[PDB]
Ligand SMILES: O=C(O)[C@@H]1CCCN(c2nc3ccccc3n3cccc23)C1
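Only one chain is shown below, in structure tokens, and it's the form solved without the named molecule.
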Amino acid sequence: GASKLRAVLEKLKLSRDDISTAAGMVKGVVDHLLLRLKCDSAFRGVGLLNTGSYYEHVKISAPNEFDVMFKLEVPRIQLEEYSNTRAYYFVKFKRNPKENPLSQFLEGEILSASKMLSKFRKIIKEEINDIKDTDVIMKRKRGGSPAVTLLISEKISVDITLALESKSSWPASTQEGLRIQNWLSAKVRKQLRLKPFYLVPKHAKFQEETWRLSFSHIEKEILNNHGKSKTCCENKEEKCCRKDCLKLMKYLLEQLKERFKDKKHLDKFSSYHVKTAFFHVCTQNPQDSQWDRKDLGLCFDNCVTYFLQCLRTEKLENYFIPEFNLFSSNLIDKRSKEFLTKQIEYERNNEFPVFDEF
């Protein structure tokens, strides 16, 4: 019941100070990398994007896995959607008056992601080896985003993502996304869509010089300012359980991944999937009275049941790009989704024995 869920949440709090100090090490390394990058003429105006709960810029997606985004203001953006994929784009430049600092990365009229990543990597691996003080290990990663994974000390690994910043209107593929009007209001949806959007070098399936839309800054804003009431969670009368439900869903997936590690059935699933499903459940349940702290058990069941539906139907829409299905067969194979469906179903039907202490 909810008492078991509350106990899980209390257990997770015991890790807080270890996370804070570990995020503190990520922070110091990143601050160092930022100042060196700014020396290169192409990465002049590089900066840290506000996406995380630690020091504005350090984000957790799983215990000991930290996430940091480097933003780069790139004016005159011009996007060309890569063949009906809705989330992947070629990057061109609207006009030519000044020759852009990223001229070096052009292959024709198109900004090369793999060219720009190579320099980004070269500069980082240059400073990572040019540090006597602390051993910091770079592992060139799977492809595109994240660009670099550093390994600090033993278990701390920070992913570092480069992101182009566009202050232009969001692409047409987002026009029916961010369906927050009945929850956070039409006024807020308008304000959020006036903010920049970001492009990360992720490559569509093998390769291409494509970039993927990213809204990590908006995700943080709507998790931290998450109520229909402006004063949700600002006083003792308005304590909702939205953040606790997302935490429990992330922990559920983390624990199942560890239990099913012998055959790695669940490798493709991520906290981003559970976060996306959670945002959809917020749209479905827009009133703060549907997230009363006393109803933690029912609220968590709402979240789990919707995630199960996404698995069984093999459909999880990106919250910002509705026609981008995170659970398509191109991204996650059918047998993986069928397998997780069965395990989530079992957990729900048995009151989550994966959360048992005995």
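Definition used throughout: the rigid core is the maximal C-alpha set that superposes within 1.5 Å between two forms. Note that residue numbering follows the sequence shown and begins at 1.
Although not depicted, the form solved in complex with the named molecule is the subject of the following passage.
Chemist: Is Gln290 a contact residue for the named molecule in the deposited bound form, using a 4.5 Å heavy atom cut-off?
Modeler: No.
Chemist: Using heavy atoms and a 4.5 Å limit, would one call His273 a contact residue for the named molecule in the deposited bound form?
Modeler: Contact with the named molecule, yes.
Chemist: So in the deposited bound form, is the named molecule close enough to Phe324 to count as touching (4.5 Å, heavy atoms)?
Modeler: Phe324: contacts the named molecule in the deposited bound form.
Chemist: Examine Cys241 and determine whether its closest non-hydrogen atom to the named molecule in the deposited bound form is within 4.5 angstroms.
Modeler: Outside the cut-off, so no.
Chemist: Select from the listed residues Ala87, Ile156, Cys245, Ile128 the one whose heavy atoms reach within 4.5 Å of the named molecule in the deposited bound form.
Modeler: In short, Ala87.
Chemist: So which of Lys230, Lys236, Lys263, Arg142 gets a non-hydrogen atom within 4.5 Å of the named molecule in the deposited bound form?
Modeler: Going through each option in turn, the one that passes is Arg142.
Chemist: From first to last in sequence, which residues of 198 to 233 have any non-hydrogen atom within 4.5 angstroms of the named molecule in the deposited bound form?
Modeler: Heavy-atom contacts within 4.5 Å come from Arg212, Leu213, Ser214.
Chemist: Once both forms sit on the same rigid core, is the C-alpha displacement of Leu298 at or above 2 Å between this form and the one not shown?
Modeler: The answer is no, as the C-alpha of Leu298 shifts between this form and the one not shown by less than 2 Å after core alignment.
Chemist: Honestly, after the rigid core fit, is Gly143 moving at least 2 Å at Cα between this form and the one not shown?
Modeler: Yes, the C-alpha moves 2 Å or more.
Chemist: After superposition on the rigid core, does the Cα atom of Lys190 shift by at least 2 Å between this form and the one not shown?
Modeler: Superposed on the core, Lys190 moves its C-alpha less than 2 Å between this form and the one not shown.
Chemist: Could you tell me whether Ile60 and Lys250 have their C-alpha atoms closer or farther apart in the deposited bound form than in the shown form, knowing the shift is 3 angstroms or more?
Modeler: It is closer: the C-alpha separation of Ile60 and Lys250 falls by at least 3 Å in the deposited bound form.
Chemist: Kindly indicate if, in the deposited bound form, the C-alpha atoms of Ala113 and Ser61 are closer or farther apart than in the structure shown, bearing in mind the change is 3 Å or more.
Modeler: Farther, not closer.
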